[PDB]
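Single chain ahead, by itself, as C-alpha cells, in the form deposited in one PDB entry.
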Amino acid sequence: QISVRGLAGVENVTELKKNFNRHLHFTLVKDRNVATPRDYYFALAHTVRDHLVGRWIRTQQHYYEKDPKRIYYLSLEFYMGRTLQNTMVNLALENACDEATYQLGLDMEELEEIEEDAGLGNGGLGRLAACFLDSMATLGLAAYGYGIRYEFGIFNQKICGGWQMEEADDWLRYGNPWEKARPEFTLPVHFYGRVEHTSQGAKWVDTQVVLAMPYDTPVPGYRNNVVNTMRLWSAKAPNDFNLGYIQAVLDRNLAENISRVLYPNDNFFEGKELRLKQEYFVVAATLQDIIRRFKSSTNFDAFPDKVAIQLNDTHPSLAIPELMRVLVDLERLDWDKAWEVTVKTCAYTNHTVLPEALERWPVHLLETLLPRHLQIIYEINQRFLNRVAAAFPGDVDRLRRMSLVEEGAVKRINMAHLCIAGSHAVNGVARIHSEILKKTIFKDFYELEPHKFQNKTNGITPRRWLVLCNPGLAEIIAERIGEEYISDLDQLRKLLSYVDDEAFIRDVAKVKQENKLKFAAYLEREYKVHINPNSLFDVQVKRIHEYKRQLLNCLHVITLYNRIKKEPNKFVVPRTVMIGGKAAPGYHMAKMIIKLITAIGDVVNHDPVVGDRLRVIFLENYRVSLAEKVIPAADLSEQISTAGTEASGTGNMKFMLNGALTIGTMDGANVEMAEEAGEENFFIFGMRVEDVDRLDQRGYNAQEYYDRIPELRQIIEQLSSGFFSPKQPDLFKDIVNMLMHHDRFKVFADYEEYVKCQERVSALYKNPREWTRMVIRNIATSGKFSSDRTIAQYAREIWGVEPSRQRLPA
C-alpha cells in the first residue's frame, strides 16, 4: 500500500503465510474452525519473532568476538508498549505481513489491537528508557537494558462516577511471546545479615537469599540487522526456603513479592522497604552479570574501558556501593583503586528537581537490609568530605550541605549526593534543567567538580512516534525527501522548502483530518462518546500532577463555557478539549483533579446552548498505545507546567513531530523547541523561571489575582458554591482551598496570559492555510528531538564509544 512500509514480494508473502499456518497448528494447537482473533494475533507474533532470532544470535555472537565496550542502562522502568508493529517496522516486514494476513482473510490492524502494552513504567522516565533502547540498537551500540520484570505493571484506570478506580494490569495472563526465560543464568541476591571483620577484610554473612531469574527481550534496530537485549530479572525463592511444611511452601511468596508490582508514583518518593528491595535486587543481579561478561573476554584497570553503567535517576544508585563491595570484599582490590574504577564506570542522569521526588533513604532501613552497603556509604562520605574540606577550608556549612548523610529526627542518605560523588558524569535532561542543577540544588558539587556536569537534552524515537503511529504523515514526507530521515531526523529541515507549496500544504492538512476522523470513530466504538471532527482538538495527556497544571487548563475550559453562556449567539472556534492521565493511587489532590475534569464535562457536554462548540472529554487509561492514537490526531499540545518544574518533557516532542502546535511555558525542553522552530511559531506564555523566583521572594498571594480578575473570581465562586457538583456542593473545597492559600505552582499567576494566548490560538485556527504553514515549520525543525541525537551525545561525551549506521549482514 504505502512505500515506507517496505516491499511485499511474492516469495516473502508466501513464506509468512506458511509460517503463520504452522504456528497456528503446532504452537497454538488450534484449527481455523475454532481460532479466535487472539489466536490469530499470537500466530502472527510468533511468525514475526522467528525473523528476529537469527539476527539476535548473530548480533550477540558479534559482540562476543569483537569485544566492544558494553553499555549497561540500568532502570527501574521500561515503558515498552506493544511490540508487534515496532518489530515489523524495524525489520521492514509491515507491507508483507499486511498482504499475507489479507490473503488469509484477516485484518492486521485488528490483530495489532489485541496485544497488551508492556506497561513497566509510570510515564516519561520509563518511556525515555524505551526510546533510548531503540536508538542504541539503531546506532549499533553494544547496549543492554537491565530492569525488573514486574508481574503487574502500571494499573489499568477505570473511571466510575467520575472517579479513578485502579485495577491490576495482569499483562502476562495470555503469555508474552517476545520474552525468553533464561532459568539457566539465575543468580543469588543477598539481603539482611550482618558484617564480620576478619584479618582478611569484611565478610557479609547470615544473609537471606533470593534468586534472580532473567528474561530476555529482543530490541531490533532500524533496518540494520542489529538486535540488542533487554534483560529483566524476576524473583524466585530458593528450594530450601523456609525448609510446618505447607506453610513454608506458601511463604515463598515473601521472596517472590520483590518483582510483583511496579510502584505507581511519578515524581514522588515513598520510602518503603519493598521498593528498596527492588532497587538492590536489580543492581545486585545486574552487576554479577556485568562482571561475568567482563571476565569472559584479574585486571580491573581495564574495567572502565570495557564497561559503562548509566544510572537512570537515583533508583539504581546502590550500583555504586555494590560495585565497591564486589571489588573490595570479593576481588580484594584496595579501596583507592576500586574507587577509581567505580567513578570511571558510572554516570548519573538526574530527571527532577522537585524535593518530594528525591530519594532519601532512612539509615535504619539500610542498616537492617544492607548493612555492608551502609558501611561503604559512610566511608565514601568521609573520604568525599575530606576532599571538600581541603578545597574550601573552614566552610563548615558546605560540609553539612554536601554530606551524603542528612542529619535530623531521622538520619537519611541522600542518594543524589551519592550518585554525584561516585560518577564521572552527571547530566540533566534539557538545557534549562541542567542549568538549574548547576545554580541551585547541585551548586556546591558543581563548584567542587565542574567538569562532571553536562546536559543531554531528551528525545523520542521517530520509529514509534512517527512511522508507526502516523504512517500517512511519514509517507507524504517520504514522497518529497525520501526515506533517509527515519534514521537521520535532521533531514526534516528540507521541508522548509515546501512551506509555500500548495500541494504539500493540502496533504499535511489532509493527513491531520484523516487522523482526527479515525480518532473520533475510535472514541464512538470503544467509549460511546460523540465528537465534532471539525473542531480544534486541544489535548493535554500526561500523568496527573499539580506541577503539570491540568487545573490551569480546567480554568480555561470554564472561562470558555462562561463566555458562551454570556454571549450564546457569538461565533467561537469550536474545541474538543481532551485531558487524560493516571493519578498515583495515594495522591489525593490528583484524584480530585480527575473528578473536577469529569464534573466540568458533565455540565458542559449537556448544556444545549453550547451545542457542538465545546466538548470536554476525559481520556481513560492513558498509556503508550493510547498515545499512539491521540497524538497524531491533536491540533494543540498543552505543555503548561510552571516554569522550572518539568525537567524536560517528552510528550511535547511527540506532538511537535506529529503536526500539532504547542501552547506552553518556557519550561524544560519547550525552551529548545521554541528556539528550533522560532518563537513566532510557538504559543509561549506565562512566567519565566526568573519571574517565579521574583514572586517567591515577594510572597505569592493568590487572593490578589482573585480580587483583580473578575472572570477568575466567577470560576472560584462556581467551584465553591456547588455549580459543578449540585448534589455535593462542598465537593471541591479542597481544590479551592489549595488554589487560594497553598498553591506551590502558582496557577492563578499564569491565568490571564494563558487565556490571552489561547485566544491567539483560536484566531490562527480560523485561517487553516496559515495554521498549516505554521505546522510545517514545527515538523520541519523537530529533528533535534530525535533520541538518535540524544544517544549519539551520550555515546561520544559520556560513554566514550562511536555510534555506527552500518548494517550487520542479514
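Start at 1 with the first residue shown and count on from there.
Omitted from view is the form solved in complex with a small molecule, to which the following refers.
With a 4.5 Å cutoff on heavy atoms, residue 598 does not count as touching the small molecule in the deposited complex; it lies far away.
In the deposited complex, none of the heavy atoms of residue 504 sits within 4.5 Å of a heavy atom of the small molecule.
Not displayed here, the small molecule is approached by residue 265 to within 4.5 Å at the level of heavy atoms in the deposited complex. The small molecule is not drawn, but in the deposited complex it has a heavy atom within 4.5 Å of residue 584. None of 475, 340, 546, 151 but one reaches within 4.5 angstroms of the small molecule in the deposited complex through a heavy atom, and that residue is 546. When the small molecule is considered in the deposited complex, only one residue from 696, 500, 166, 356 comes within 4.5 Å through any heavy atom, namely 356. Segments offered: 265 to 273, 602 to 610, 721 to 729, 301 to 309. Contacting the small molecule in the deposited complex at heavy atom distances within 4.5 Å is 265 to 273.
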